[PDB]
Every structure is written in structure tokens, then in C-alpha cells.
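Below is one structure, written out as C-alpha cells; the observations come after it.
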Amino acid sequence: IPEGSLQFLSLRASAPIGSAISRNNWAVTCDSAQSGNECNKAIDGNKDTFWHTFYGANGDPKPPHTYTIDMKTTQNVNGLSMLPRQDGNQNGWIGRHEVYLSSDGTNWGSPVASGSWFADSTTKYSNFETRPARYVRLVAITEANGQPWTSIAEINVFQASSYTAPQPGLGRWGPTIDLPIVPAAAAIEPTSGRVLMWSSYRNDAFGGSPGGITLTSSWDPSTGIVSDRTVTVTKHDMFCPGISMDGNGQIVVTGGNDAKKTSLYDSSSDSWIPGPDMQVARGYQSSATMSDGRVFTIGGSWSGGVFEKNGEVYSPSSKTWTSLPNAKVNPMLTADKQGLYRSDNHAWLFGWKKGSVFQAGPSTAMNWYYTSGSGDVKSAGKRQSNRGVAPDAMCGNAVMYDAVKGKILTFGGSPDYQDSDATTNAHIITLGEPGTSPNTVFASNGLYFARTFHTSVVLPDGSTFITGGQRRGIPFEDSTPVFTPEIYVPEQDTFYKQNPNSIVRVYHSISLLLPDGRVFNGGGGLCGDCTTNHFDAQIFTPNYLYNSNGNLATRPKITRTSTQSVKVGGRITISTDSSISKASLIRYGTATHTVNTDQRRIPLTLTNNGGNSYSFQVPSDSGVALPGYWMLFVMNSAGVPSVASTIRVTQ
Ligand SMILES: [Ca+2]
Ligand SMILES: [Ca+2]
């Protein structure tokens with residue numbers, strides 16, 4: 001008996017890592033309950049009985065509706081589950097919701113989790129960081145269909161095996177954002193400032209695949225609202241696509257199950273529209289935006305035949321894909337045990353000067369790709385250090401934290417895509433002109449924790465946040481998880497462990513830098529009726545946003561910008577509320593399968609005009625300052641960043 005049905009495009013939701021707390025001694029209360037649908041009906045163990053708020057003769061009071069639990073004793077709570085009514089009737093199904101924890105039952109504080117649950121009969125979960133509590137409260141903000149009622153067939157609360165208070169100075173995890181989909185792919189859509197999330201659909205528990213369906217949702221940081229899941233017949237089964245945000249700011253998704261399809265996200269109408277078909281079938285490949293705004297892609301797993309997966313280029317202006325057969329994929333293949341099926345997967349691509357694209361790995365061999373004529377490829381040497389040659393690092397990460405100096409930090413990964421041990425390998429690559437072999441050195445003493453399928457983002461201050469993953473790569477399995485994130489600080493050539501989280505983020509997980517300076521980490525799974533589909537995300541707040549007291553630090557503010565669009569080499573003048581010491585530009589990102597070829601950081605050279613007025617010039621080379629949308633951050637002497645000001649860079 002699987003969860004849900006094909007009719008609803010259902011998937012089993014992942015539970016927290018813990019056990020259900022005995023409810024025999026619980027005292028429950030609700031804002032209202034119809035006779036016959038008492039509040040204790042949600043804790044009687046009968047899936048066919050449910051609590052239901054007032055209706056009919058008692059009137060139809062609208063939400064919010066609340067369910068409060070007194071567990072009588074303190075427990076280390078890390079989640080809750082909600083089983084909706086199972087009679088086919090949808091009245092009362094909870095949509096938008098919030099979860100609160102309390103030690104006294106009177107001070108509930110702020111929600112430990114909030115978001116929106118999908119409208120179907122499957123068991124829903126709200127998983128969050130462990131916290132001692134005697135009382136738990138679930139608030140239904142809206143009903144799945146906008147109706148006045150709230151109902152619950154069974155509600156449970158989970159306890160972790162232990163609790164350890166977070167250490168001061170190492171950041172903080174929370175809250176959890178509950179979603180109606182597994183965010184397997186995501187991006188920060190620049191025109192709206194929202195986190196766009198999407199996934200494909202498949203569930204062998206039902207069989208008979210629908211075909212070409214894309215499920216999408218979004219989270220707005222300014223309102224905290226998670227939009228309802230949308231089902232689009234894109235005729236593009238993604239699952240393992242390439243993703244880029246072009247020079248104009250449009251999200252371009254390529255290949256996957258439907259190997260030659262291209263889908264574009266039209267931001268003005270919040271919808272996926274068809275793009276031109278690629279010339280070659282590809283899956284698990286990376287794509288990268290170029291200095292001229294075009295998008296380059298190479299690799300594509302294996303296909304029944306003898307068609308090579310050499311490079312090709314997309315033009316947003318002519319809406320065409322053109323093969324670049326001489327931009328050969330062979331030089332970048334790893335020695336994966338599975339051969340061509342995996343050897344060209346997830347290349348560490350970076351658009352660079354004069355239409356070139358640098359490939360930093362995962363293969364030991366690094367290469368330069370060219371896009372003039374029918375393409376070209378030139379060796380850039382091997383990723384290495386005084387410690388030796390770096391081994392193939394499939395699903396390791398690569399982040400360009402200082403584009404002006406050509407700095408790329410690489411870390412983690414394993415020799416084979418699956419069933420192999422990850423390593424602590426980490427390197428710093430310093431890019432020069434196309435065609436030259438960059439110098440490479442080891443980053444500090446490597447990662448604290450070996451990991452693969454982990455994700456990462458460059459932060460406003462130039463540091464790189466690294467999170468999730470597992471010690472041994474096993475897609476869809478939440479084994480050997482790494483719960484402690486790490487931050488690399490370049491000026492100190494040092495890695496720092498941060499406070500750990502409670503949710504496993506492995507294969508199919510993502511991370512993105514939010515405009516407000518925090519990190520959005522979520523997803524993982526997408527395996528039908530499996531127990532590892534994570535329908536959520538969590539926020540990580542870096543230490544730079546907290547003062548010594550534990551409260552939010554005062555942030556510098558950008559009170560004015562002379563323009564919001566500038567050509568490469570151009571100048572922008574700004575005004576701040578107080579003196580600042582540094583500034584940076586971070587390109588908006590996209591993410592899936594550990595790949596993010598869109599993010600990068602440019603340290604800005606400031607000019608002090610006095611009176612808290614500063615100006616800066618955007619790098620003249622579009623290979624460094626890739627066209628598209630960027631986030632402008634200013635930092636004070638204490639290292640605290642402002643929230644981002646959106647800037648569009650053009651040619
Ligand atoms: Ca019941
Ligand atoms: Ca929009």
C-alpha cells in the first residue's frame with residue numbers, strides 16, 4: 001500500500017530521524033471541534049477518525065485553526081506528522097501552516113517550521129532542529145482548497161536520540177520551510193527575488209509514467225509564503241538536467257530523461273515555456289553561461305548508438321543550439337567504473353574570457369574549451385598540489401569565490417559516481433588567460449569531513465559555505481550522512497566547522513545564497529514511494545549576522561544606487577547609512593546535482609567620495625563579470641553585510 005495515488009502525482013514524504021512519542025498521557029486542545037469529530041480523534045490511533053473544526057449548525061469559522069499538545073514531560077522534539085482525513089473528502093486538508101514548540105505552554109516564540117503541504121491524502125511531515133519541549137502546537141493558516149475548515153485524522157510528534165545546544169559563534173540552523181514538492185532543482189529568480197524550485201515526476205509504485213511533467217513551487221523570503229504546487233506539461237522529463245541563467249537572466253534547463261529538450265522559465269508569467277531542442281541528447285551534464293551571454297554545454301551520459309557528447313552552444317537571441325564538435329569531451333572524462341554512462345557527468349564549468357569555458361574537474365585533468373568556429377579544447381594541466389595529483393572527484397564542488405583574481409575552490413567528491421568513498425581533498429586553482437595552465441595548491445589541510453553529493457555557495461565576504469553530503473555515495477540512500485557544515489575563509493586559508501543540522505541532504509539536494517545573506521539548503525531524494533524524499537528546506541544564518549549577545553547584528557544599509565543596470569566596465573555610485581569597508585558582487589545562482597555554474601563573486605574596488613557616498617567600477621572583461629543579474633553587498637568593519645541590492649550587468 002503506497003502513499004497517495006498517480007491521479008495526484010503523489011510521493012511518500014520523508015519522516016524525521018527519530019521515534020514517535022507515546023500519546024497515551026497527552027492532553028490536547030483545539031480552537032473548536034464538531035460533535036463526533038472531537039480533538040482527541042486526532043490521537044486515537046484510528047486512521048478513519050478525525051478532528052474537524054466547527055461546521056454546519058455551529059457555523060463555519062475560518063482559519064487560523066490550532067491544535068495544541070501537552071506531552072506532560074519534556075522531550076527532545078525534532079518533528080511532527082499529520083495524516084489527513086482518508087475518506088476521499090478533502091474538507092479540512094491543511095495547506096499553509098506553522099509549528100511552534102514551548103517549554104511552558106505560554107511562550108511559543110517564533111515558528112520552528114512553516115510552509116505549505118501539498119493537497120493529497122499522504123502523510124505530511126514538518127521536520128526541524130531538535131529542541132527540548134513539553135508543548136507542541138500546529139497552526140493551520142489555510143485549507144488546501146481555501147475552505148474555512150481544518151481536520152486531522154492522526155497527529156504524531158517525534159523525538160531525537162539526543163539534544164546538543166548550538167555553540168555560540170558557529171551560525172544557526174532554522175526555521176524549516178515545508179514544501180509541496182521535493183526541491184531537486186532550484187534558483188533565485190532575480191526579477192521576483194523568490195526561490196524557485198522544481199522537480200520531475202516518477203513513481204514505480206503506480207507504474208505507467210504520465211510523461212513530460214514538471215512540478216514547481218516557490219518561497220518568497222519577504223512574505224514567507226510557499227506557493228501551491230503547479231503541474232506543467234513541459235514534455236520535458238528532467239530528473240538530471242543542466243541549468244544556466246543566461247546573460248539576460250532567464251533560466252535555461254537542458255536534457256535529462258527527454259535528452260534533447262530545452263525549457264525556459266518565463267519570469268513575467270511564472271511559467272515554463274519551450275526552448276529549442278539541443279543537437280545532442282544529454283543527461284547529467286553541466287551547462288555554463290558565457291562571456292557573450294550564450295550558454296555552453298558538454299557531456300551527456302551515454303546513449304544507444306555512437307553519438308559523441310562533445311560541446312554545443314545556445315543563443316538566447318536566435319533561439320538556436322549549434323554543435324561544436326571540435327570542443328571534444330574526451331579530455332575531461334573521469335576513469336569511472338561505469339564508463340561513458342558516468343565519466344562526463346557534472347563538469348565543473350566556468351564561463352571565462354573571450355567565449356572560453358574552464359573545466360576544473362571532476363576529472364584530474366583540467367581543460368580549456370573554446371566556442372569560436374566549430375570549437376576547440378586545450379589541456380590546462382592536472383589538478384594537484386605538493387601532496388600529489390588530485391584523484392577524480394565526481395560530485396565534488398567547485399566555487400569561484402574571487403573572479404577578479406581567478407580563484408576557484410574545489411572540494412570533496414569520490415572517484416566513482418556511486419558506491420565509492422568520498423575524500424577530504426580540497427584545492428585552490430588560480431585562473432589566468434585562456435590556454436594557460438593555472439597554478440593549483442591544496443586548501444589548508446582539506447575538509448574536516450569527507451563528503452560527496454554536498455552543496456555549497458560563496459557568501460558576501462568571500463567565504464564558502466559547504467553543507468550536507470555523505471561519506472559514501474549511494475543515490476537515494478540517506479546513509480553515512482555528514483551533518484556538520486564547513487566554511488572556508490580564504491584570507492586565513494582555513495576551514496571552520498559550523499553548528500550541525502538534523503536533516504540529511506544528499507543526492508538531489510541543493511543550496512543557494514539568498515538576497516538577505518542567509519543560505520537556503522533543501523531537497524534530497526525523488527524516488528517515488530521511497531522513505532527519503534525530503535519535502536523541505538532549512539535556513540542557515542551565518543555568524544556574520546549575529547552579535548556576541550546572540551541577537552541579530554546591526555547591518556549596513558544601501559540607501560541609494562545611481563542605477564540598477566550597468567555595462568561591463570561601467571560605474572555605479574551608492575549611498576550608505578554608515579561607513580563601509582568592503583563591497584562585493586555575487587551573481588545569482590541555480591543549482592542541482594551539486595552543480596552551480598551561475599554563482600561567482602567579484603570583490604569591488606571602492607572609491608570614497610565622502611559623506612558615505614561610494615562608487616565602484618564593474619570589471620571590464622565580461623568573462624569575469626558574466627552578464628546577467630548580480631547581488632550587491634556592502635560590509636562594515638565588523639564584517640557584517642547589508643542585504644543585497646539587485647544589479648543587472650550587460651555588455
Ligand atoms: Ca484518528
Ligand atoms: Ca514572476
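Ordering of the C-alpha cells sets the chain letters (A, B, ...), residue numbers begin anew at 1 in every chain, and ligands are numbered from 1 in the order given.
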_Surroundings of ligand 2 up to 9 Å, based on only C-alpha atoms and all ligand atoms, as a VMD selection string_ = chain A and resid 189 191 to 192 194 266 to 271
Atoms kept (C-alpha atoms) for selection, written as a compact mmCIF listing (two decimals), in the first residue's frame:
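Result went into out.txt, see below:
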```txt
# COMPACT_ATOMS: atom_id res chain seq x y z
CA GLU A 189 14.76 34.15 -9.66
CA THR A 191 13.09 39.66 -11.04
CA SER A 192 10.95 38.40 -8.14
CA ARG A 194 11.94 34.37 -4.75
CA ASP A 266 9.38 32.96 -18.36
CA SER A 267 9.56 35.13 -15.24
CA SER A 268 6.90 37.65 -16.24
CA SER A 269 4.26 34.92 -16.49
CA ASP A 270 5.66 32.46 -13.92
CA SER A 271 5.71 29.59 -16.39
```
_Can you pull out the residues contacting residue 574 (chain A)? Cut-off 9 Å, using only C-alpha atoms, and skip same-chain residues under 2 positions away; I want them as a ChimeraX atom specification._
/A:558-563,572,576,612-616
*Could you give me, as a list in words, the residues within 6 Å of region 250-260 of chain A, counting only C-alpha atoms and dropping anything in the same chain fewer than 5 positions from it?*
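Once the adjacent positions are removed, what remains is residues 236, 237, 238, 239, 240, 241, 242, 243, 244, 245, 265, 277, 278, 281, 282 and 283 of chain A.
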*asked:* Please find the residues contacting ligand 1 at a distance of at most 8 Å between atoms, with only C-alpha atoms and all ligand atoms counted, and report them as a ChimeraX atom specification.
replied: /A:40-51,152-154
*Do a neighbour search on residue 376 (chain A) at 8 Å with only C-alpha atoms, toss out local chain neighbours closer than 4 positions, and write the hits as a list in words.*
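Surrounding residues, per the criterion: residues 324, 326, 327, 328, 369, 370, 371 and 372 of chain A.
Of the residues under consideration (A:508, A:533, A:4, A:400), A:508 shows the shortest atom-to-atom contact distance to residue 521 (chain A) when counting only C-alpha atoms.
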*Mind giving me the straight-line distance from CA of residue 379 (chain A) to CA of residue 437 (chain A) in Å, one decimal?*
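Here the two named atoms are 7.6 Å from each other.
Within the 7 Å cut-off around residue 618 (chain A), using only C-alpha atoms and omitting residues fewer than 5 positions from it on the same chain, the listed residues are residues 568, 569, 570 and 571 of chain A.
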C-alpha atoms of the current selection, written as a PDB file, in the first residue's frame:
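Result saved to result_30.pdb:
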```pdb
ATOM      1  CA  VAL A 568      30.712  45.823 -18.003  1.00  0.00           C
ATOM      2  CA  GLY A 569      33.430  48.340 -17.204  1.00  0.00           C
ATOM      3  CA  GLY A 570      30.765  50.796 -16.073  1.00  0.00           C
ATOM      4  CA  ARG A 571      30.423  52.700 -12.818  1.00  0.00           C
TER       5      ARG A 571
END
```
*asked:* Which residues are close to residue 408 (chain A), i.e. within 7 Å by only C-alpha atoms, leaving aside same-chain residues fewer than 5 positions away? Reply as a PyMOL selection string.
replied: chain A and resi 398-401+428-430
Output file for the residues above (N, CA and C atoms, as a compact mmCIF listing (two decimals), in the first residue's frame):
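Output (part33.txt):
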```txt
# COMPACT_ATOMS: atom_id res chain seq x y z
N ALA A 398 32.80 22.96 -6.87
CA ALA A 398 33.77 23.95 -7.35
C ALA A 398 33.08 25.31 -7.27
N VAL A 399 33.74 26.26 -6.61
CA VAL A 399 33.20 27.61 -6.40
C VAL A 399 34.20 28.72 -6.73
N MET A 400 33.80 29.65 -7.59
CA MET A 400 34.66 30.78 -7.96
C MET A 400 34.38 31.92 -6.97
N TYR A 401 35.16 31.96 -5.89
CA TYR A 401 34.95 32.97 -4.85
C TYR A 401 35.61 34.33 -5.08
N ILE A 428 42.90 25.03 -4.43
CA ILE A 428 42.69 26.41 -4.85
C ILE A 428 43.33 26.51 -6.23
N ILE A 429 42.52 26.82 -7.24
CA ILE A 429 43.00 26.97 -8.60
C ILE A 429 43.02 28.46 -8.92
N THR A 430 44.11 28.96 -9.49
CA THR A 430 44.21 30.38 -9.84
C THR A 430 44.24 30.54 -11.36
```
